[PDB]
Amino acid sequence: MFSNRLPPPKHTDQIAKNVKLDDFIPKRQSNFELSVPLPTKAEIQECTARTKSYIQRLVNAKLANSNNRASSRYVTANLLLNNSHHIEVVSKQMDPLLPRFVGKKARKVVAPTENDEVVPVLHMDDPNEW
Amino acid sequence: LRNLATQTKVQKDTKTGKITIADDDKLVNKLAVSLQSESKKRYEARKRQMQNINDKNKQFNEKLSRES
Amino acid sequence: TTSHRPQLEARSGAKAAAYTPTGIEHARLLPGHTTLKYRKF
Amino acid sequence: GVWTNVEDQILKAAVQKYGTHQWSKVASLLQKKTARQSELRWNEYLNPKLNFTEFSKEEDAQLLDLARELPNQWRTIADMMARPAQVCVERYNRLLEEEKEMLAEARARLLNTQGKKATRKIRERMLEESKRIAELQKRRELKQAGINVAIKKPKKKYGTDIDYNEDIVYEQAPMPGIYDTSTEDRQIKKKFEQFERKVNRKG
Amino acid sequence: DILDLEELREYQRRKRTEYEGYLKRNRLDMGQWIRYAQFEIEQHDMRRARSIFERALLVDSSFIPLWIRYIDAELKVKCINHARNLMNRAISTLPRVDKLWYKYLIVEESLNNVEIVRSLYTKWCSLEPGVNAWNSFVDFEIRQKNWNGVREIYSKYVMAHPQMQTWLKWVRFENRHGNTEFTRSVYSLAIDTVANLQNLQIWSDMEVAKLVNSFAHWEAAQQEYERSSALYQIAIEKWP
Amino acid sequence: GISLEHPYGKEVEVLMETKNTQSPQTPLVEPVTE
Amino acid sequence: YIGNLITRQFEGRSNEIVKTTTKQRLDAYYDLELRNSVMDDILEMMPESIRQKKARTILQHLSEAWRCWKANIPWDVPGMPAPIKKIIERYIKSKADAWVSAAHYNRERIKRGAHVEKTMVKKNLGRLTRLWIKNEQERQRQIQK
Amino acid sequence: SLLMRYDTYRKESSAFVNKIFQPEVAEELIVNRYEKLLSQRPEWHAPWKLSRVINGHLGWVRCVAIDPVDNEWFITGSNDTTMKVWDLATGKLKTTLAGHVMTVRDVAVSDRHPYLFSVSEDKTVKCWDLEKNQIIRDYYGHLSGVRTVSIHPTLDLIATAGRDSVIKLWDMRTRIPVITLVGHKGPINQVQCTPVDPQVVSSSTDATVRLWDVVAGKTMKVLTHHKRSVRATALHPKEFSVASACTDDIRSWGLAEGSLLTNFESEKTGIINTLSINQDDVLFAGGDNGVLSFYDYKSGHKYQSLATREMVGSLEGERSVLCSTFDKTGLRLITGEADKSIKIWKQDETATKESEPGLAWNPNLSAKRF
Amino acid sequence: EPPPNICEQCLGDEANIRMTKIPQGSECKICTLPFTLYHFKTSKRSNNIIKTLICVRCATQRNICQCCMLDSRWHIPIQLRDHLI
Ligand SMILES: [Zn+2]
Ligand SMILES: [Zn+2]
């Protein structure tokens, strides 16, 4: 427009692939009224039941493996190997006067921190005062 | 880039998925030698600066003189 | 003095998570207040 | 009890190390002085902040006025004049008319930076390296004599203790990227084995 | 000192025990980690050196001298592809640190692998960095004498950093190389954009004045007194 | 305005609460009854 | 009892005994948490984000400020940044308020005849003589002012 | 090329940016983002003003929790190791709960049980039966001082974290630490429990926010956009979103995805000690410098800046706001502060969108975060 | 918790094998950590009792049987396997 008003003259992709601009940009700035809906009760109750059953299995495992005989008060066999063999799994009754877990000891372990996925850090761009 | 100026193919292996670089051994060696020699120069310059009641105590007093 | 030092970082609880309990019965972990109360609603 | 010039120099050098709140340490150098006397000597003569310079005419006027407004209260007058008290009292009166051994101990103590158990620790390190070099040289003699004794590894302080030569102790390999490292891997292996043969034969 | 391989093993055991004890008692001393890795480089055992650098990164991945030491250590022993993987990882975890990008660029430039230098600049600039990266990219392409590449960069540059000093950089580049037609078109595009985007209030009034002032002076130096004088009339009509 | 009587101004209530106004045994949630 | 003993005999002792905060450990844990609080605040507000040596320097200034408060010496470090000065004075005032509260409470226990440790009595004597001299110094200075 | 394209466009001439410049996707250009940001208008919110000041704590007020059921009272923990329960209507002291030997750092009242949970710098986690005002359970196993507790909205479960850099989930009844979440590289400042996966959100001194799958014991997402320690966090009560803050940098996140929603206009606000989100889409941020900032949640627009004034005898550094909550109706803000007071703020009923518009909407393009 | 890794040559040819599981009953020969012990006999009246000597994660790391430490595909020892490859 503006330039027309003047008179005429007389005289490769693998580099840093985990990093993308779509992750730095906030999604809601171009649309304030974007909805971020709460989960419905059909989601809440389902995952609540799933999580409750899992947590109660962990409580049961902690209780049942303790040495207190009263712990069971509050506690709420087949395999196929190499596709050919049917295995009947039993667990014979332990001598109650022997230690319940023969291999169990207090031993320290340094766990390996293995991780295949690199995580980006996503920042943006007078010293005598400090 | 100034220092670099004064002195003067790609394939993917299907069986590993890994890139290969066909770069010249002369430039690889020269990059390694440049890093070694610049490290030596920095290291020795800092030594010459170091050579100009105890070593730590006088370093603390010098730090206090810089503070003032 | 060098035995006598400040805490630079605290011990991470991730280390304790790396191995299993060893079955000591603590008195404070015995059963007690075994039923949860709930509100009117 | 008169203060010597050497005692004054010892006190200043001691306060450079110990500050103005550790007078029992200062007095442990000044053999004939107590901590009480040393704090007095500092605070009233040897502290460099004290102004012993001659009074201005304005200061003489100020001092005479304060001596009327706060009679005999010379520590208060002195704190207002920002000068020593005995100076103010003398001014008011004017206007109305073998020791080498102690220094040797002083230098020895003050230039000692290490402390006791650190000194014992460096002594222990010296003794440990002495025993190590004993084993090394004995092994070398026996090797020249043609009886090849192996070097004894250190004793494990606890049952799970580590020998750091047997394994790369907590190996964290670099995660494999897009570029093929194989050629320079075999080059590095060549370099390492060459170095090992070299140290075996050349030392 | 050391006359035999067994004696070297004894020395290495003692030093490794020392360094590992101190790093056990205080892992956060990054300098201690660095000089332990340096010790293992002195032993020519690059597997141990790499492992120590990796563990040090696991203690603190944000510490830039540790990254630079590891990259330089790989390059010093001619392990270029290890260094390439490492630098790619470095920028991948810390893309906003200029030093890592420059370290990758300068080593691939020293090996005259021009295409991936260009690719590195392309990937860097797409992530909206500061002006230093764009300036370095135009410097790269002029030192390769890839002129229309410079034009493409400045075309994208002005839509990453739209303040007027970017536009005047583009008109400077076109002007001092003598490309008068390109110079006129870029100046005209600048005044077009400030007019069409006026209601967004991107530029100061002094800044807009600086643009049209310089365009008028350039047209006068081109001996187009009519066009330059007219330009001020249209600008005054637009910006009273 | 603001004064030494009312540093926060006339519109603001300032309380200096030293004493518990309930017996300590008083419940904070009343026990349910059915 | 016997179960825990025999468990220790076979399984061994737990690696991760967490000591609780008893009254012998109270002051040390207070110091650790206060130190971490000061360090969190200052490392968050500093523009340059330089950490490793700066932290050990800053907390020495904190400890010196506490000594000055107990001595009733005016803590004033030339060239200290004003915001960091405010942070340090803030934490010194909170420690001071807790310290004086503990002095009050232990004095009340002593004068009642309640249970107090032998060392705690002379500790309280110490704190209270600090507080009395501090108050007498404030009185003398206000008379002069 | 751009210039030949520009010339043919000039011939044809005998928004503009999208015809001459060519991204692959429209928002890649900065001008399009600023255009679509500047066209929109933030919602108006009435200004806040101080209603009441309560004194009675002997140390700093470190945490607040409202009665989540009847809105009748609120509880505060302090550096003086006590907890005090306050009548919200009159501001008067109901009762004092004395059960900790160090600073009470966080308090949470359960909406499903008559239980108060409290945590302290003395490493203990304690549950109080509010039908008796007595401790009934202790939860043991934190190596260091505990900084926060959050009560799970649906499960009989609590989450707690502190300087030991882990979140431990406890079954309320058996007092077992069922799950320990590992991955933070430094002290954890805030923990929020959530009714669906991600069921725990946590913020740390390592500058990350983490979203957790509690059954896998793994992160769903790690959020690495913050520069400093993420000291403050809050859940939005009516949309599936969390806000979080550094120094000068408040951000909002969609929990279903772990995606950045909003950057707030939080420049030059200092350390943010506390966040609270209103059901009226007000976000409150409490500064360590004592500045109360109020923001529109969906826009990020800082509609008000308000100064704390300290109790007369305080130091200047005691102006810090330390903790906050909205009350249940969302018409009172409670703040606990370093001057040992509680301040109650109410939204001004005399104001209108014409009478008091607040700070003007003018997003600064120079601050490229928008 | 993963299933046991036992080869057919260990299990034999009987249609059914009874197996006894003992959680944390044994310490692994390779890594010293406790593991879930499995032990069985090839038939009821065979007099030798076969047990897992190594844990499942050591076995998958090496691709070997827990009961005889031969390769779980090729049925050869680790040294000979790695030499062949
Ligand atoms: Zn194993
Ligand atoms: Zn087998």
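All chains are named by letter (A, B, ...) in the order of the sequence lines, taking the proteins before the strands, and each is independently numbered beginning at 1.
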Problem set entry | Main-chain N/O of E:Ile80 paired to D:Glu184 side chain as donor or acceptor, under 3.5 Å | yes

Exercise. Taking all non-hydrogen atoms of both residues, which atom of E:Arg13 and which atom of D:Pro154 are closest, and how far apart?
Worked result: CD-CD, 3.7 Å

For this session: Inspect the surroundings of CD in E:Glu115 and state if more than 12 heavy atoms from other residues, nucleotides or ligands are less than 6.0 Å away.
Result: no

For this session: Verify the neighbour count for atom CD of D:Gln144: are there more than 12 heavy atoms of other residues, nucleotides or ligands below 6.0 Å?
Result: no

For this session: To the nearest 0.5 angstrom, please state how far the CG atom of E:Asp45 sits from the CD1 atom of D:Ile188.
Result: 10.0 Å

For this session: Take E:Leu3 and D:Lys143 through the side-chain contact (heavy atoms from CB on, under 4.5 Å) test and state the conclusion after the steps.
Result: CA-CA 11 Å; E:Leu3 300 176; D:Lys143 188 170 180 285; over 6 Å; no

For this session: Check E:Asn81 against D:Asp180 and note the closest heavy-atom contact, atom names and distance.
Result: ND2-O, 2.5 Å

Exercise. Atom CD of E:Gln43 and atom CZ of D:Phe195: how far apart are they, to the nearest 0.5 Å?
Worked result: 6.0 Å

Exercise. Does E:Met46 reach the side chain of D:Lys191, with side-chain heavy atoms less than 4.5 Å apart?
Worked result: no

Exercise. Is it the backbone or the side chain of D:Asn148 that comes under 4.5 Å from a heavy atom of chain E, or both, or neither?
Worked result: neither

Problem set entry | Heavy-atom contact with chain E under 4.5 Å, split by part of D:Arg132 | side chain

Exercise. Is the backbone of D:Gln172 close enough, under 3.5 Å, to the side chain of E:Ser51 for a donor and an acceptor to pair up by distance?
Worked result: yes

Exercise. What closest approach, in Å, do E:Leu5 and D:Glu196 show between heavy atoms, and which atom pair accounts for it?
Worked result: CD1-O, 3.6 Å

Problem set entry | Over 12 foreign heavy atoms within 6.0 Å of CZ, E:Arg25 | yes

Exercise. Within a reach of under 6.0 Å around NZ of E:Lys156, are more than 12 heavy atoms found that belong to other residues, nucleotides or ligands?
Worked result: no

Exercise. Does atom CD of E:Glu181 have more than 12 heavy-atom neighbours from other groups under 6.0 Å away?
Worked result: no

Exercise. Quick one: are E:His44 and D:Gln194 in side-chain contact, heavy atoms under 4.5 Å?
Worked result: no

Problem set entry | E:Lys78 atom NZ, neighbour heavy-atom count above 12 within 6.0 Å | no

Exercise. Rounded to the nearest 0.5 Å, how far does CG of D:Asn165 lie from CZ of E:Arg16?
Worked result: 5.0 Å

For this session: May I ask you to check whether over 12 heavy atoms, not counting those of D:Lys121, lie within 6.0 Å of atom NZ?
Result: no

Exercise. In Å, rounded to the nearest 0.5 Å, how long is the span from NE2 of E:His82 to CG of D:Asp185?
Worked result: 3.5 Å

Problem set entry | Evaluation steps, salt bridge (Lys or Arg N to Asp or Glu O under 4.0 Å), between D:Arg139 and E:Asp4 | CA-CA 11 Å; D:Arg139 193 255 185 176; E:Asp4 184 15; 2.8 Å; yes

Problem set entry | Interatomic spacing from CE in D:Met175 to CG in E:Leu86 - rounded to 0.5 Å | 10.0 Å

Exercise. Chain D heavy atoms under 4.5 Å from E:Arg89: which part of the residue, side chain, backbone, both or neither?
Worked result: side chain

Exercise. More than 12 foreign heavy atoms under 6.0 Å from CD of D:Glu58: is that the case here?
Worked result: no

Exercise. Where does E:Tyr70 contact chain D at under 4.5 Å (heavy atoms): side chain, backbone, both or neither?
Worked result: side chain

Seminar exercise, completed: Interatomic distance, CD1@D:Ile162 vs NZ@E:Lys24, rounded to 0.5 Å, equals 7.0 Å

Exercise. Does the side chain of E:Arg14 reach to within under 4.5 Å of the side chain of D:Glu129, using non-hydrogen atoms?
Worked result: yes

